[PDB]
Number of protein chains: 2
Amino acid sequence: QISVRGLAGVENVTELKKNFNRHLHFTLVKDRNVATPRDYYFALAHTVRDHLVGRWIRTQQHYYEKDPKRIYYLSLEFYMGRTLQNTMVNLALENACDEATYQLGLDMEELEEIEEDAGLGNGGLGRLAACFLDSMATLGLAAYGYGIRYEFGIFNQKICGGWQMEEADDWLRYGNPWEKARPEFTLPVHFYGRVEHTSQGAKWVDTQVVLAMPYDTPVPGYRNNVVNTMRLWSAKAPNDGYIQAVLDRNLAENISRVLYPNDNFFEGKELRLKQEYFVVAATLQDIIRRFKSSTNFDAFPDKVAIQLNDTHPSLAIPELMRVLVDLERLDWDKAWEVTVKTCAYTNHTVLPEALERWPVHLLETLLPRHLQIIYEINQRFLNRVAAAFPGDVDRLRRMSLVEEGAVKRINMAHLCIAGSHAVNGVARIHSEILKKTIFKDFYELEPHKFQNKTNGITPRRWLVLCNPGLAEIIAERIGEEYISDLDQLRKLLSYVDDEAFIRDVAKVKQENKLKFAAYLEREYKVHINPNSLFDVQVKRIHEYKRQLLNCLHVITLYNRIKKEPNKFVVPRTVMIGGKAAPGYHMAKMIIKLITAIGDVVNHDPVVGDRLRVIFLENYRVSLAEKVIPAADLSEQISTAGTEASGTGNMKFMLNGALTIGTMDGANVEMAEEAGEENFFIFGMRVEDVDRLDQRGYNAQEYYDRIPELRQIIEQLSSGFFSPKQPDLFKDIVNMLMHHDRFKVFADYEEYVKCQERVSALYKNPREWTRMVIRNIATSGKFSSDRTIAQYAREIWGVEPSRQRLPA
Amino acid sequence: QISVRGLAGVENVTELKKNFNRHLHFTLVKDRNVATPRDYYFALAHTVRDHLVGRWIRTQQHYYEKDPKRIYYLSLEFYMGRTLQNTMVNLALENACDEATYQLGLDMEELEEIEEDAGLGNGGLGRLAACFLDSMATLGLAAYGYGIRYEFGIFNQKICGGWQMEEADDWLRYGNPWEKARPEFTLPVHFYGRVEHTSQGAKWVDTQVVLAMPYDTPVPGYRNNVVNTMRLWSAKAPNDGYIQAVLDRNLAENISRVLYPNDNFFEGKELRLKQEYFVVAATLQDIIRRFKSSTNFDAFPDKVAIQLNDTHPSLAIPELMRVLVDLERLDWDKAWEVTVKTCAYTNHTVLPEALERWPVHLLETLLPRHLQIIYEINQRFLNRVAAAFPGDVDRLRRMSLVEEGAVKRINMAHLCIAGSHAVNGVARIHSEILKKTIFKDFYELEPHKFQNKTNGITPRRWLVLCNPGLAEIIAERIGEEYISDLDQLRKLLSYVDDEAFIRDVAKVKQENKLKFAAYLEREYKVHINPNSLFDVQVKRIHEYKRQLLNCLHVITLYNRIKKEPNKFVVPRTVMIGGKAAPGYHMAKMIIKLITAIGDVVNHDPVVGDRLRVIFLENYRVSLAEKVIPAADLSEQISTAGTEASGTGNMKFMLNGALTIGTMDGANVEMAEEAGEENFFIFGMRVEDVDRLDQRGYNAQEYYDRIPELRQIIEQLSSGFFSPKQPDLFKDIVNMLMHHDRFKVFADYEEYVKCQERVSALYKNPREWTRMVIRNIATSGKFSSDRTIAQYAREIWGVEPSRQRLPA
Ligand SMILES: CC(C)(C)c1ccc(C(=O)NC(=O)N[C@@H]2O[C@H](CO)[C@@H](O)[C@H](O)[C@H]2O)cc1
Ligand SMILES: CC(C)(C)c1ccc(C(=O)NC(=O)N[C@@H]2O[C@H](CO)[C@@H](O)[C@H](O)[C@H]2O)cc1
Ligand SMILES: O=c1[nH]cnc2c1ncn2[C@@H]1O[C@H](COP(=O)(O)O)[C@@H](O)[C@H]1O
Ligand SMILES: O=c1[nH]cnc2c1ncn2[C@@H]1O[C@H](COP(=O)(O)O)[C@@H](O)[C@H]1O
Ligand SMILES: *Cc1c(COP(=O)(O)O)cnc(C)c1O
Ligand SMILES: *Cc1c(COP(=O)(O)O)cnc(C)c1O
């Protein structure tokens, strides 16, 4: 149908059709008479998977022969989503599979909806790992993603009576055609035990063993025949009254059972610590095995890079030391030199409650040798600080890896900085804040260590796959090369006054909105006006992300309508979606508030179709691919200095939405690229937040001076949005009035005013679309290909390559 | 190589080779350079599996079209063993696969050894179900095997310091290529809750739900293109703080985790009760669904037969009533008529400790509605007894399904007789004992209900597969038809004086013994003399099976050698193998005794190679296929009246061993078929055991009157067989002297004398072999094809058919 989806050649279509039928018969053991749409999905999945295999085997043997430096990306999260369409796109099979399935009497889009998301992540950090895997394969790097194969990923979110309900994400129920179990490569991981000192060093003895079984998933590059590996570990009990002993195997296998869904507050839970060590210990054995199959560990950093995605795999640092010192018998200083040159650490937040600080007593019991190594790292590190800053005793206590107090803790971020040659933030403003605030002491000691690597998203999934209509109209003008070189989108600026292109951009958006409006009715029975402004905020529910500020605007619009009903206002569909961490009470209250506002707003006859408030249930990668192409306005309204980067912001920019946002995270660089005149910027900057903190933030002041804000707070308190439980939202009101860390009231006035400027522009479709074109055209910097190329050159010491491998 | 293994045509060999390579590449994701023998096994398994699929789909659709009466064989055990060779044999692919693999540079026999046994059973009862599945497919019956997919089958047995150690049988670790998961056909099973009475009958409410997910395994008939289904249920939790709730899913899924390995003593364990209901509830929903896809349940018994393998699935009876009465709204009397005509029950033991008697309080909590139904069945049944035998109050308490006492129990055997139209024993003597002793009252009420169905074994696995050499020399003389018509073996009697045939039979046995002698050295480092008499007792360790009597003979031979060292004795290799139930202390002591005897006997220089005692570790189906073809003497020495049938006895007879045994179980019919002169019969008959019980069994009498027996007991007591723990075997001595239920001493003298007659004949190879020929020639009755044909005609009301389906 469309050009960017590849060729539908007679020979390939014929071939796909027969392999589809072969799988339906031999693989699924079904005939056409009893086959369901799910059976047809699996037959297609296996057919497409066949095309990966040859390339997968030859890529991996190519690495064995040529022995390039290997990149190991360690993460507890890989938020992969669906694999079928992505595979077709990267292999140039989409039009051929569409044609083949059409000829068999099937709709491929319907078959695509059957696949479960691989939801092995919480949000941005997990999705970043997924985009990075795609870019690393596309750039021809010898890269491996290492993580945990959770049996249950992020919970499915049900909304019952306006409240979030969690249910198990049983994503493996019908099987996973993409993975290959490798039980032959199972490795032992040790826990507990004790440390024995002998003539020849320390020995870790009397341990309990858990087996780590790898499952490999192919990661195809974009049309370069490169297929890399994501290896995820599954926990297995070793084979050595009777009935109970067998049933107790579950205890060991619980390690890989479920993803921890708390993304707001660090809890030192033992099972989580086991998960973190499990991935680290199994992965490092793999790394060393592969290195030895190339005695001398001087070349180790020349052949290995380990990237730590946050501090979650930080135990890699003392584990590498343990292996080099205890097992390989290297002296401490040499082992440390190797470790530092091998490891690099990425930080994703400055919020203190989201930083890992493990109680010493847990590490003492679970990993006694690792604690000894950490103490030794700390002593040697603090000797360097003391020599650099003589007599500065407070610096010594501030920089210590060991935190004293009620309970002693290890600061995993401090461990990571000490043991890494590079530390990066994820957007320019974020990396600056790190140097000026929480890691200031470390920056003063080792300035060379600190870098910025602004985040990005893959334009394969986040344009070509989810928005083929926009990809096509772009390709008509400038060709197809931009898909792996997103900077080429700048060429679109010469079409900003092109009447045909303006109309096409606006047409693609309208089609996306109609399609999403139809999805909503079919799947959830909710009716929206497709001519309204699609006002979208989708992301995990957090106080810092300020879904509450959005809520206040929505109520303001409602109250204004009720005051002057016969006055014209630009119609809006306000959509808010995202999951809340199960133990995050305030986030769960915010979801309830959103639905409660909807219950009042959506049923007021005076409002009509001029304002609709919808909570988007079960927000996940597959839903993002649907809603983002349909959005007109992207809400990126975190308190300045709190959102390290954001990546959803970039997805919306690439897909033709305009952005309303604070000068926070990557928003700053986005506005810089597009021009501030083409962005809806409002609110306090970081410096204004700082000035307000020094003075003391008093929410009462805003309540007293803004009548419209007062009315909303009174409405909340009095039970206007909860008639049968008048005090339902008292926690929210109390927080806003007395202990709001994120200064919602302080940005209210400027936010509302900025929103009026948005409505004013939307009234002029031609100028709206021209501003959209200016955004899409300057979104090139935010490709994860750019991000990964910078990691490769500036941290890993390897050169990217767009050169194709033989098919 | 050999004729019975089929054709190796140029076209088939070429085809198998390329499909092997396709699976290695696309299915296993491996290249020849890194592939291991295990990879090669899996590639072959998938290639052979492909040939099943077409026939599997067409067999099942044929049943849907023709709608024949369906046979449902319900068992908690299916002792399947390995599947690869059996599949090749039944599909006539063995020579072709041998040739194809040879041309690829691989040894197929080596690849065969890689496959794990499906050890989903304990012993004879579980293996009977497996043989029955093979025969039902071979006889063209629309038969389904229904059971539980245990994650862990019968434990692997390790011997450490002479003691049995158990370890988990992780048979699914590398995957199972034979099964197909059918998650789309998952069904709910209910537990706990309470019973609510309404206007329209009872309702079972407030239950906990566990999901039953089916896995289907193909069961190919012998060269008839029939492929039936074995459906095994796996337990799954339904999808509806957070972390713990997810981890607690294990509780539900534990139902299908492990096979209970106690085959000696009934323990009323709750998890076992859950297993029994789980298989029954899921299976019956399947049966009813399939029946409704043919309102009127009058035709139900015309379209459905349910065979209960022991009382383990006895809950089928009240569950069928529950469904018909509570859900389908049939009146009680009609539902009962249907139930009785549908169900049949097979008994496998008369030993009271092995009979299921479930505590009322467990059933009350777990299955409250089923208990109500059982009580109602009992009241109506006892009203019939009272009308038939007026005033016989003791009969009423004897026949009750409810047993009064300290704890009230349900007698599941009584439930089965009441609710079945047919009750059978498993050998003629066994079925007679049932009528005369434990089920006498029931036989007097309903004589028509009671039948015999003498057990059998499949000649595919137990001759063609495990003993191809013997199968071939038989086929040379009489052709190949005997493989599915074992009675044709009678034609071999005209070759009893044929000098060529005598030599060939003796040659095949010698080759089998050399091969097994080599297996022992290679896998266990034990050295045996292949010219000795192979004296074999393999079966589960039980007091009734009297491995202890064998032990006493072995010590007698040793003591006789030590007394007269320079006297000639026929050299023997005495092999004893079998697992003991983990909680069966006496059985574990018996294993220790066997190894302890070996430790003394095998290292005495005076003995030389004249006597060797070996414990065969980890006895299982795959080991039986190796040792049975190598045996000269089959030990079948249970106390008369205790072994219901035996099936191992039949395996040895088919494979050219002579039998030493008591007149117990099927031994009686075996001796009848072969002629008593061609059997080594010794010991008390059932009547002699009865006379001894009435008198009172006093072991001291035998000790006092037999000097050779006294010496052995003194040796045991004094620590001759345990120098470092002199009192190690005190439990065994005490049992033998004071509380031996199985009268080991009473059969000692006749056993030893009979063993001398065996040695005398072995000294004359020609006459030994002629007696062997007489046994093989008359083993035809003991084919499970004969057994199943009798079930089909006399119980199920269906006609067998050797007619081939189109390929
Ligand atoms: C330590 C613990 C509380 C368990 C925890 C666990 C997970 C998270 C988590 O999911 N954390 C994020 O997604 N972090 C996100 O990372 C992306 C990518 O750089 C950024 O764009 C975004 O600004 C940042 O908030 C945060 C905290
Ligand atoms: C009730 C419980 C104690 C759990 C239990 C569980 C399993 C068994 C068990 O495995 N039981 C047998 O194998 N029984 C065997 O069945 C075969 C086939 O008919 C006969 O040849 C043989 O004589 C008989 O002992 C016996 C008892
Ligand atoms: O020892 C070897 N000989 C030949 N190829 C090898 C060897 N080891 C690894 N490979 C290749 O590398 C791949 C496996 O890589 P690895 O398991 O990640 O180390 C396989 O697909 C092989 O093609
Ligand atoms: O409704 C039907 N239409 C056509 N074939 C059916 C239907 N139901 C069952 N079958 C056939 O019967 C087989 C499944 O049988 P069942 O699941 O055991 O009842 C399938 O392989 C089909 O070929
Ligand atoms: C991109 C993405 C995120 C991250 O969004 P932010 O607005 O940057 O927090 C979270 N969840 C999903 C499913 C995503 O795709
Ligand atoms: C045949 C068989 C049995 C049954 O043997 P008996 O001597 O009849 O008890 C037990 N286990 C296995 C593995 C068998 O093959």
# chains A, B, ... in the order shown; residues from 1 in each chain; ligands from 1
call {"tool": "residues_near_ligand", "arguments": {"ligand": "ligand 1", "cutoff": "6 Å", "atoms": "only C-alpha atoms and all ligand atoms", "output": "PyMOL selection string"}}
result
chain A and resi 122-125+128+262-266+348-349+354-356+426+643-647
call {"tool": "write_last_selection", "arguments": {"atoms": "C-alpha atoms", "output": "PDB file, in the first residue's frame"}}
result
ATOM      1  CA  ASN A 122       8.026   0.621  34.649  1.00  0.00           C
ATOM      2  CA  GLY A 123       8.398   3.644  32.362  1.00  0.00           C
ATOM      3  CA  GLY A 124      11.111   5.865  30.899  1.00  0.00           C
ATOM      4  CA  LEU A 125      14.205   4.051  32.176  1.00  0.00           C
ATOM      5  CA  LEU A 128      15.180   3.842  27.161  1.00  0.00           C
ATOM      6  CA  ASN A 262       7.526   0.891  42.651  1.00  0.00           C
ATOM      7  CA  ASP A 263       9.155   3.707  40.681  1.00  0.00           C
ATOM      8  CA  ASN A 264       8.678   6.388  43.348  1.00  0.00           C
ATOM      9  CA  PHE A 265      10.214   5.260  46.656  1.00  0.00           C
ATOM     10  CA  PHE A 266      13.195   3.031  47.448  1.00  0.00           C
ATOM     11  CA  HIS A 348      18.094   9.074  35.980  1.00  0.00           C
ATOM     12  CA  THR A 349      16.904  11.193  38.972  1.00  0.00           C
ATOM     13  CA  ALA A 354      14.390   7.252  44.493  1.00  0.00           C
ATOM     14  CA  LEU A 355      18.080   6.643  45.226  1.00  0.00           C
ATOM     15  CA  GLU A 356      19.240   3.198  46.368  1.00  0.00           C
ATOM     16  CA  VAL A 426      20.299  12.180  30.622  1.00  0.00           C
ATOM     17  CA  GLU A 643      12.221  15.397  35.465  1.00  0.00           C
ATOM     18  CA  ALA A 644      15.779  14.313  34.525  1.00  0.00           C
ATOM     19  CA  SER A 645      14.901  14.152  30.826  1.00  0.00           C
ATOM     20  CA  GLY A 646      11.554  12.733  29.816  1.00  0.00           C
ATOM     21  CA  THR A 647      11.237  10.706  26.607  1.00  0.00           C
TER      22      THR A 647
END
call {"tool": "residues_near_ligand", "arguments": {"ligand": "ligand 5", "cutoff": "10 Å", "atoms": "only C-alpha atoms and all ligand atoms", "output": "number ranges by chain"}}
result
A: 79-81, 119, 121-128, 131, 455, 457, 462, 537-542, 545, 577-579, 618-625, 628, 634-638, 643-652, 665-666
call {"tool": "residues_around", "arguments": {"residues": "residue A:225", "least_positions_apart": "2", "cutoff": "6 Å", "atoms": "only C-alpha atoms", "output": "JSON, numbers by chain"}}
result
{"A": [55, 223, 805]}
call {"tool": "write_last_selection", "arguments": {"atoms": "N, CA and C atoms", "output": "compact mmCIF listing (two decimals), in the first residue's frame"}}
result
# COMPACT_ATOMS: atom_id res chain seq x y z
N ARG A 55 20.18 -14.54 9.84
CA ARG A 55 20.90 -13.30 10.16
C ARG A 55 21.42 -13.29 11.60
N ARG A 223 17.27 -2.72 8.61
CA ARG A 223 17.65 -3.07 7.24
C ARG A 223 19.15 -3.16 6.97
N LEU A 805 25.54 -5.93 6.60
CA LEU A 805 26.08 -7.29 6.56
C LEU A 805 25.42 -8.07 5.41
call {"tool": "interface_residues", "arguments": {"of": "chain A", "to": "chain B", "cutoff": "7 Å", "atoms": "only C-alpha atoms", "output": "list in words"}}
result
residues 26, 29, 50, 53, 167, 168, 174, 183, 239, 240, 242, 246, 247, 254 and 582 of chain A
call {"tool": "atom_distance", "arguments": {"atom1": "atom CA of residue B:501", "atom2": "atom CA of residue B:627"}}
result
22.8 Å
call {"tool": "residues_around", "arguments": {"residues": "residue B:394", "least_positions_apart": "6", "cutoff": "12 Å", "atoms": "only C-alpha atoms", "output": "PDB file with C-alpha atoms, in the first residue's frame"}}
result
ATOM      1  CA  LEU B 382     -27.934 -49.415  51.803  1.00  0.00           C
ATOM      2  CA  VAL B 385     -28.962 -54.081  50.607  1.00  0.00           C
ATOM      3  CA  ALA B 386     -31.578 -54.006  53.393  1.00  0.00           C
ATOM      4  CA  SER B 400     -21.447 -48.913  53.986  1.00  0.00           C
ATOM      5  CA  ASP B 441     -20.784 -58.841  50.183  1.00  0.00           C
TER       6      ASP B 441
END
call {"tool": "residues_around", "arguments": {"residues": "residue A:368", "least_positions_apart": "5", "cutoff": "12 Å", "atoms": "only C-alpha atoms", "output": "list in words"}}
result
residues 190, 191, 192, 193, 194, 195, 196, 202, 203, 204, 205, 206, 207, 318, 319, 322, 360, 361, 362, 363, 373, 374 and 375 of chain A
call {"tool": "atom_distance", "arguments": {"atom1": "atom 12 (C, counted along the ligand's line) of ligand 6", "atom2": "atom CA of residue B:745"}}
result
27.2 Å
call {"tool": "closest_residue", "arguments": {"among": "B:118, B:471, B:611, B:16", "to": "ligand 6", "atoms": "only C-alpha atoms and all ligand atoms"}}
result
B:118
call {"tool": "residues_near_ligand", "arguments": {"ligand": "ligand 4", "cutoff": "9 Å", "atoms": "only C-alpha atoms and all ligand atoms", "output": "PDB file with N, CA, C and O atoms, in the first residue's frame"}}
result
ATOM      1  N   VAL A  29      -0.263 -27.257  15.108  1.00  0.00           N
ATOM      2  CA  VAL A  29      -1.084 -28.480  15.044  1.00  0.00           C
ATOM      3  C   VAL A  29      -2.570 -28.119  14.968  1.00  0.00           C
ATOM      4  O   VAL A  29      -3.372 -28.499  15.826  1.00  0.00           O
ATOM      5  N   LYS A  30      -2.910 -27.359  13.928  1.00  0.00           N
ATOM      6  CA  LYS A  30      -4.274 -26.887  13.683  1.00  0.00           C
ATOM      7  C   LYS A  30      -4.589 -27.001  12.197  1.00  0.00           C
ATOM      8  O   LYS A  30      -3.680 -26.977  11.367  1.00  0.00           O
ATOM      9  N   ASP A  31      -5.872 -27.129  11.863  1.00  0.00           N
ATOM     10  CA  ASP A  31      -6.324 -26.962  10.475  1.00  0.00           C
ATOM     11  C   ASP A  31      -7.189 -25.711  10.370  1.00  0.00           C
ATOM     12  O   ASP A  31      -7.707 -25.235  11.383  1.00  0.00           O
ATOM     13  N   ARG A  32      -7.343 -25.188   9.153  1.00  0.00           N
ATOM     14  CA  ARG A  32      -8.092 -23.946   8.907  1.00  0.00           C
ATOM     15  C   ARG A  32      -9.500 -23.930   9.506  1.00  0.00           C
ATOM     16  O   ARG A  32     -10.027 -22.861   9.806  1.00  0.00           O
ATOM     17  N   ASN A  33     -10.100 -25.106   9.678  1.00  0.00           N
ATOM     18  CA  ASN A  33     -11.489 -25.211  10.142  1.00  0.00           C
ATOM     19  C   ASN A  33     -11.709 -24.874  11.618  1.00  0.00           C
ATOM     20  O   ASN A  33     -12.824 -24.539  12.022  1.00  0.00           O
ATOM     21  N   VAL A  34     -10.655 -24.974  12.425  1.00  0.00           N
ATOM     22  CA  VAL A  34     -10.771 -24.712  13.864  1.00  0.00           C
ATOM     23  C   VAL A  34      -9.837 -23.605  14.360  1.00  0.00           C
ATOM     24  O   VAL A  34      -9.889 -23.224  15.533  1.00  0.00           O
TER      25      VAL A  34
ATOM     26  N   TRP B  56      -2.343 -37.238  13.193  1.00  0.00           N
ATOM     27  CA  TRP B  56      -2.995 -36.789  14.431  1.00  0.00           C
ATOM     28  C   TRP B  56      -4.237 -35.944  14.142  1.00  0.00           C
ATOM     29  O   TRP B  56      -5.308 -36.194  14.697  1.00  0.00           O
ATOM     30  N   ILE B  57      -4.091 -34.956  13.261  1.00  0.00           N
ATOM     31  CA  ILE B  57      -5.196 -34.074  12.889  1.00  0.00           C
ATOM     32  C   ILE B  57      -6.314 -34.845  12.178  1.00  0.00           C
ATOM     33  O   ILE B  57      -7.497 -34.626  12.451  1.00  0.00           O
ATOM     34  N   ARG B  58      -5.940 -35.762  11.287  1.00  0.00           N
ATOM     35  CA  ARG B  58      -6.948 -36.518  10.547  1.00  0.00           C
ATOM     36  C   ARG B  58      -7.648 -37.594  11.377  1.00  0.00           C
ATOM     37  O   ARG B  58      -8.825 -37.869  11.150  1.00  0.00           O
ATOM     38  N   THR B  59      -6.942 -38.184  12.342  1.00  0.00           N
ATOM     39  CA  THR B  59      -7.582 -39.121  13.272  1.00  0.00           C
ATOM     40  C   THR B  59      -8.662 -38.402  14.090  1.00  0.00           C
ATOM     41  O   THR B  59      -9.797 -38.879  14.187  1.00  0.00           O
ATOM     42  N   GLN B  60      -8.310 -37.253  14.665  1.00  0.00           N
ATOM     43  CA  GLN B  60      -9.245 -36.503  15.509  1.00  0.00           C
ATOM     44  C   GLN B  60     -10.443 -35.944  14.738  1.00  0.00           C
ATOM     45  O   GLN B  60     -11.558 -35.939  15.258  1.00  0.00           O
ATOM     46  N   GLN B  61     -10.231 -35.494  13.501  1.00  0.00           N
ATOM     47  CA  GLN B  61     -11.360 -35.042  12.675  1.00  0.00           C
ATOM     48  C   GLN B  61     -12.243 -36.217  12.225  1.00  0.00           C
ATOM     49  O   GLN B  61     -13.463 -36.078  12.136  1.00  0.00           O
ATOM     50  N   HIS B  62     -11.625 -37.373  11.983  1.00  0.00           N
ATOM     51  CA  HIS B  62     -12.355 -38.606  11.672  1.00  0.00           C
ATOM     52  C   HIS B  62     -13.326 -38.988  12.799  1.00  0.00           C
ATOM     53  O   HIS B  62     -14.464 -39.378  12.528  1.00  0.00           O
ATOM     54  N   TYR B  63     -12.882 -38.861  14.053  1.00  0.00           N
ATOM     55  CA  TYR B  63     -13.745 -39.132  15.211  1.00  0.00           C
ATOM     56  C   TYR B  63     -14.902 -38.138  15.307  1.00  0.00           C
ATOM     57  O   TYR B  63     -16.014 -38.504  15.688  1.00  0.00           O
ATOM     58  N   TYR B  64     -14.632 -36.880  14.970  1.00  0.00           N
ATOM     59  CA  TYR B  64     -15.663 -35.844  14.989  1.00  0.00           C
ATOM     60  C   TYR B  64     -16.754 -36.113  13.947  1.00  0.00           C
ATOM     61  O   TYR B  64     -17.939 -35.926  14.230  1.00  0.00           O
ATOM     62  N   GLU B  65     -16.348 -36.564  12.760  1.00  0.00           N
ATOM     63  CA  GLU B  65     -17.284 -36.881  11.673  1.00  0.00           C
ATOM     64  C   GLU B  65     -18.093 -38.143  11.972  1.00  0.00           C
ATOM     65  O   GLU B  65     -19.327 -38.107  11.981  1.00  0.00           O
ATOM     66  N   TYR B 144      -9.049 -41.817  24.777  1.00  0.00           N
ATOM     67  CA  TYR B 144      -8.323 -40.673  25.309  1.00  0.00           C
ATOM     68  C   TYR B 144      -7.784 -41.013  26.691  1.00  0.00           C
ATOM     69  O   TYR B 144      -8.532 -41.474  27.557  1.00  0.00           O
ATOM     70  N   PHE B 185      -7.789 -23.988  25.610  1.00  0.00           N
ATOM     71  CA  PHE B 185      -8.791 -24.927  26.123  1.00  0.00           C
ATOM     72  C   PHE B 185      -8.758 -25.075  27.655  1.00  0.00           C
ATOM     73  O   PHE B 185      -9.184 -26.096  28.206  1.00  0.00           O
ATOM     74  N   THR B 229      -4.917 -39.330  21.524  1.00  0.00           N
ATOM     75  CA  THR B 229      -4.450 -38.235  22.373  1.00  0.00           C
ATOM     76  C   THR B 229      -4.361 -38.645  23.838  1.00  0.00           C
ATOM     77  O   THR B 229      -5.293 -39.244  24.387  1.00  0.00           O
ATOM     78  N   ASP B 286     -14.537 -31.655  29.760  1.00  0.00           N
ATOM     79  CA  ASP B 286     -14.125 -32.045  28.409  1.00  0.00           C
ATOM     80  C   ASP B 286     -15.045 -33.100  27.805  1.00  0.00           C
ATOM     81  O   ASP B 286     -15.483 -32.972  26.653  1.00  0.00           O
ATOM     82  N   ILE B 287     -15.335 -34.140  28.590  1.00  0.00           N
ATOM     83  CA  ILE B 287     -16.207 -35.236  28.167  1.00  0.00           C
ATOM     84  C   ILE B 287     -17.597 -34.723  27.772  1.00  0.00           C
ATOM     85  O   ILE B 287     -18.131 -35.090  26.716  1.00  0.00           O
ATOM     86  N   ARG B 289     -18.539 -31.519  27.105  1.00  0.00           N
ATOM     87  CA  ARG B 289     -18.415 -30.620  25.954  1.00  0.00           C
ATOM     88  C   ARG B 289     -18.416 -31.412  24.646  1.00  0.00           C
ATOM     89  O   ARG B 289     -19.198 -31.122  23.741  1.00  0.00           O
ATOM     90  N   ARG B 290     -17.545 -32.417  24.571  1.00  0.00           N
ATOM     91  CA  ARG B 290     -17.412 -33.266  23.392  1.00  0.00           C
ATOM     92  C   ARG B 290     -18.712 -34.026  23.096  1.00  0.00           C
ATOM     93  O   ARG B 290     -19.071 -34.216  21.930  1.00  0.00           O
ATOM     94  N   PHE B 291     -19.423 -34.437  24.148  1.00  0.00           N
ATOM     95  CA  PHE B 291     -20.723 -35.104  24.000  1.00  0.00           C
ATOM     96  C   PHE B 291     -21.817 -34.171  23.463  1.00  0.00           C
ATOM     97  O   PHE B 291     -22.613 -34.570  22.613  1.00  0.00           O
ATOM     98  N   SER B 293     -21.434 -31.617  21.617  1.00  0.00           N
ATOM     99  CA  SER B 293     -21.099 -31.254  20.238  1.00  0.00           C
ATOM    100  C   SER B 293     -21.243 -32.444  19.280  1.00  0.00           C
ATOM    101  O   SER B 293     -20.515 -32.542  18.290  1.00  0.00           O
TER     102      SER B 293
END
